[PDB]
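Remarks on the structure that follows.
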Amino acid sequence: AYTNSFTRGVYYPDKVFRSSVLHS
Amino acid sequence: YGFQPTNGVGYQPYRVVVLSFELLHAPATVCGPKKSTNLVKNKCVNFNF
């Protein structure tokens, strides 16, 4: 079988805190 | 290399060590020797963390 993720597999690219900031 | 003790310099064996300092993205690691020191505050200061 195969299935569809929807919005899955997002990890914090590294340390360094951060707040409201649409960071790219 | 067939090394032999009666070789002119530039044909005698040299041992080499290459130190490579890398900085991934961890929290810290090994370093030189620092004497550290108490921590001030609310005062303009020159700091190293």
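Naming scheme: A, B, ... for chains in displayed order of the structure tokens; residues 1 onward per chain; ligands 1 onward as shown.
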
Distance cut-off 10 Å, counting only C-alpha atoms - which residues of chain A neighbour chain B? Return them as a ChimeraX atom specification.
/A:13-16

Mind checking which residues fall within 10 Å of residue 11 of chain B, counting only C-alpha atoms, ignoring those fewer than 6 positions away in the same chain, and posting them as a list in words?
residues 1, 2, 3, 4 and 5 of chain B

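Interatomic distance, atom CA of residue 46 of chain B against atom CA of residue 21 of chain B: 25.9 Å.
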
Give me, please, the distance in Å between atom CA of residue 9 of chain A and atom CA of residue 23 of chain B, quoted to one decimal.
25.7 Å

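For residue 48 of chain B, the list of residues within 12 Å, based on only C-alpha atoms and with local chain neighbours fewer than 5 positions off taken out, reads residues 34, 35, 36, 37, 38 and 39 of chain B.
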